[PDB]
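What follows is a set of notes on a single structure, which appears directly below.
We did not get these values from a lab; they are worked out from the coordinates using the rules stated. As a convention, Cβ positions derive from the backbone with ideal geometry for all residues, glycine included, and neighbour counts pool all protein chains shown.
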Amino acid sequence: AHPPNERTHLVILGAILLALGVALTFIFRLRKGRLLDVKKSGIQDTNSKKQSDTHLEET
């Protein structure tokens, strides 16, 4: 039976509590960058203009 066994509960809960933190921290660190500026693209993000920049005389 061994009545005095409350110290094992503290050591087992302690490691289990910290271990959870490592899993959350591990994903939290990698999580950064995935959303931090995904890539930012805008090929069709400019004004349209299918005309010559300048003309020689008229055209």
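Beta carbons closer than 6 Å, at least 6 apart along the sequence or on distinct chains, never pair a first residue in segment 7-27 that is surrounded by 10 or more Cβ atoms within 10 Å (Cβ to Cβ) with a second that is assigned to a helix (DSSP H, G or I) and not aliphatic (A, V, I, L, M). Among the candidates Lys32, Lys40, the residue that is part of a helix (DSSP H, G or I) and within 29 Å of the chain's Cα centre (by Cα) is uniquely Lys32.
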